[PDB]
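Heads up, the chain below is alone and in the form deposited in one PDB entry; it's given as structure tokens.
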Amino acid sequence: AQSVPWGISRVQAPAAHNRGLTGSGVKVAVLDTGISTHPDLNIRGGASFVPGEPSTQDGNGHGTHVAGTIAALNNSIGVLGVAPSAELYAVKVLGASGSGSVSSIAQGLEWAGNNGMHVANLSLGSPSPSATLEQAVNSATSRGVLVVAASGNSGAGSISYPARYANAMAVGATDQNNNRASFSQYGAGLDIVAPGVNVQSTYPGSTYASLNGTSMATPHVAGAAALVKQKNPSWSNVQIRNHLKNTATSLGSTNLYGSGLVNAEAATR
């Protein structure tokens, strides 16, 4: 029995699936705690930049969960990703405690750029600016990677790093009423929002779990970006970013919502 998580429907990913767009041939790096083998996931490869964790498997759960929102397989089990044919790469930059260093994150962004990733999902933050982080972001972006990052779960009216840097697409979280989730950070730099409450996805152990956070919102956008790239293979990171905002459903102040709610139907028309 396959279920479709509410968020996947809300961004209207199955309309895009019906048009034949599933993210096929699009390479997506998940910079997180790793990704575990799972019957509803296909991992094409990856790299670890965590000291003394040479494998890319997930000892936390967060990365596996984020990965399934992007690319859970279309079949008779589990859930369904926004872009269920995307090519998933596990880039481990966070440890089991869900924490890492800017050194690790930057090395991951370097690798993504160097290995031709189209999209880099960064469901993570730093509260404090880091030059190393911003140059890493800038670097990946000039190589052609589209960097998507979580705004943060503190509830404040400013957003975390590296989401706050110009070349990273900043994603906040909405609830089932399409309101801003109380924890979702907002303010200057916010680009767009996506479902981030009660998000069911894949979890280590061959199982499924429901989590809340802007970390859960971000992969909806990463997924939607892979659909736009399959339909428009010559488009740049910047064209995709702009088209997602331009086609999003408007929710009110840009301070709070960015351009609004990502809409995969409208972006693949």
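Note that residue numbering follows the sequence shown and begins at 1.
Keep in mind that the form solved in complex with a partner chain is not shown, yet the notes after this line are about it.
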{"property": "Answer option from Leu94, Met117, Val197, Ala140, heavy atom within 4.5 Å of the partner chain in the deposited complex", "result": "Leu94"}
{"property": "Candidate from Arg241, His62, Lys229, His38 lying within 4.5 Å of the partner chain in the deposited complex - any heavy atom", "result": "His62"}
{"property": "4.5 Å heavy atom contact, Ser128 to the partner chain in the deposited complex", "result": "yes"}
{"property": "Residue contact check: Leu124 to the partner chain in the deposited complex, 4.5 Å heavy atom", "result": "yes"}
{"property": "Residue contact check: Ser99 to the partner chain in the deposited complex, 4.5 Å heavy atom", "result": "yes"}
{"property": "Contact test in the deposited complex: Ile105 vs the partner chain, heavy atoms, 4.5 Å", "result": "yes"}
{"property": "Residue stretch of 172-180, 153-161, 187-195, 82-90 approaching the partner chain in the deposited complex, non-hydrogen atom distance within 4.5 Å", "result": "153-161"}
